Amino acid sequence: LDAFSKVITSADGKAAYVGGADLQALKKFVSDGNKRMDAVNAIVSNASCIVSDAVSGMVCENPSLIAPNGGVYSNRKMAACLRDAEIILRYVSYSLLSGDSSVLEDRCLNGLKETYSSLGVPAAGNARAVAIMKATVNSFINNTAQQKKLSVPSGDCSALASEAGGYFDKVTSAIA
């Protein structure tokens, strides 16, 4: 666990590379260790798809968000929203990789409601974007998406899909 903590705390772009005995140990101390790698890949390999579809669905269900002065009116605010969606998505993916949400809660979520409140970022749209990412991640982990598929040994990843959904629930609770 210390390899990831080092590069996350430094946050300088230095990478931790986990293979061999280090990788065998990583998977040994989490549940469903191999399936968990596939579940993490199902998220990160689809990051742009997940983010664009969630923010697009947030707007198509509530087009007031893209009306003049709306939450994502103008390219700068739309881009900041897509950026936030990916930031959140990636902390969830790291939570699923590590088997806990501590970095998600401490580095990403702590004080996030207050930040959005002061900025006027609408919590309803924010929650909806998270909810769509949650449902999309669920399909990808289960390999039930309509178009993009993942080829892995056949089995049941419901537990990992629930664990991922729980990390999204931590975001929804922090967004309020």
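Residue positions are given as counts along the sequence shown, with the first one as 1.
Going by the average Cα B-factor in the PDB entry, point out whether 110-118 or 43-51 comes out higher. According to the PDB entry, the answer is 110-118.
Between 156-164 and 11-19, which has the larger average Cα B-factor in the PDB entry? Per the PDB entry, the higher value belongs to 11-19.
From the list 67, 26, 133, 141, select the residue with the highest C-alpha B factor recorded in the entry. Most elevated C-alpha B-factor of the set, per the entry: 67.
Classify residue 84 as lowest, middle or highest third according to the C-alpha B-factor given in the PDB entry, relative to its own chain. Middle third, going by the recorded CA B-factors of the chain.
Is residue 126 in the lowest, middle or highest third of its chain when residues are ranked by C-alpha B-factor? Middle third by C-alpha B-factor.
Third assignment of residue 74 from its chain's C-alpha B-factors: Highest third.
B-factor third for the C-alpha atom of residue 137 within its chain: Lowest third of the chain for residue 137's C-alpha B-factor.
Sort the modelled residues of this chain by their C-alpha B factor and say whether residue 146 lands in the lowest, middle or highest third. Answer is highest: the recorded C-alpha B-factor places it there.
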